[PDB]
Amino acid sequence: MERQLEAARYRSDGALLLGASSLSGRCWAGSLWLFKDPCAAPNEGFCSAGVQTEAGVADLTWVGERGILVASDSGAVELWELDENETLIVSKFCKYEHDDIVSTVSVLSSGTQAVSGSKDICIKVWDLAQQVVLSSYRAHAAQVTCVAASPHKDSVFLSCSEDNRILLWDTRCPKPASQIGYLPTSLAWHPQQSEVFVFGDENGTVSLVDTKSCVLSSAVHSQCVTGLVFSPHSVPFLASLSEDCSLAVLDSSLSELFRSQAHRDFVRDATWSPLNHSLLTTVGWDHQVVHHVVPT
C-alpha cells in the first residue's frame, strides 16, 4: 500500500474505504482498500480487499454500499465495484474524458449520477449507469479545487476554483452556475439545512454561507483548509483538515472544541463512524490512520 493516504470514507456498516497514491519514488501509482476492521488500518495483510490502480488517487467517494468512484491523475473518472463476496475490487469503467488530473469527485443525491472537477478547468456531470458524460461545463478560469453535490437535490451542487469563484450550480437553469478574499479550497453542505454550506480557504479560514445573502468565519488553521466533513449527529459537528498537519472539530458557530496534532504530514481526509458518532477517523501523507475520540 502506497505511502500517501488521500481518502478515507465509511459506508453504512462501519467498514473503512481507503485511497492512496505513491506521490514519490519510482512508481507513481495508486490503490483502493476496504477494511472491515478499521483499527487494523493502515495494515495491508490484515484487510478485507485491495487493488492496484494504474495511476494515483486524488479523490474518491462511496457509491452507496459497493461502488467506488475515483478521481485519477490519468484524466479518468473510474468506477470500481465490489464483487458478490466483497473480497475483490473490479473496475466496472475507466473513462478518459478530462484532459488533466481529476482532482475532485462527488456523487449526486439520487446516486445514479456524479460530478467531477479537474485541473483542465472543466466540471463534468456523469451518468453512472450509462457510463457517459451527460454535461461538460467550462465555467471556471483555473483549476477546479473542489466539487460538492447537494445532499438532497440531484440538479444542485457547489464547485470552487483557483479563479476565486465559488459557483452554486443548478442544472435546471439555462445558465446553471451562480457566483457567491483568499482562494476557496474545500466545500461542505450542511446536512440538515438545504440552504446552508461551509467553505475553507487557502489561508486557513472556515466560512459559513447562506445561499440567500463570507458571513460568519473563524481562523481555524495556519495553512490551507483541505477538507470539511460534517458529522452524522442531528446537531452536527464540523471536522476541518489542513496542510498545517492538524485536525479540528468545530461547533455550529465555528468555535474550537477538539484539536489533534497527531498527524506529522498533511491531513488529507476525515470520516465519522456511523456506528459510533463520537469516533472520527483521519488519514494523512504520513501513512497514519488516526482514530480520534471526539468529546461530543
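By rigid core we mean the largest C-alpha set that fits within 1.5 Å across both forms. In this text, residue numbers run from 1 along the sequence as written.
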Between 160-168 and 215-223, which has its CA atoms farther from the current form in 6 other deposited structures of this protein, using a rigid core superposition? 215-223
RMS over structures and residues, CA atoms, rigid core fit in 6 other deposited structures of this protein: 182-190 vs 80-88, larger is 80-88
Deposited but uncoordinated residues in the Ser213/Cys214 interval: 1 to 3
Does the deposited sequence hold unmodelled residues between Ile180 and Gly181, and if so, how many: none, 1 to 3, 4 to 9, or 10 or more? 4 to 9
Is the mean CA B factor in the deposited entry higher across 110-118 or across 155-163? 110-118
Of 74-82 and 131-139, which one has the bigger average CA B-factor? 131-139
Given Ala40, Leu228, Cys245, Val249, identify the residue with the highest C-alpha B factor in the PDB entry. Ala40
In terms of its chain's C-alpha B-factors, the third that includes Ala148 is the middle
Give the position of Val196 by CA B-factor within its chain, expressed as the lowest, middle or highest third. highest
Split the chain's modelled residues into thirds by Cα B-factor; is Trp285 in the lowest, middle or highest one? highest
Record-listed C-alpha B factor of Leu257: chain third: highest
CA B-factor ranking of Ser218, expressed as a third of its chain: middle
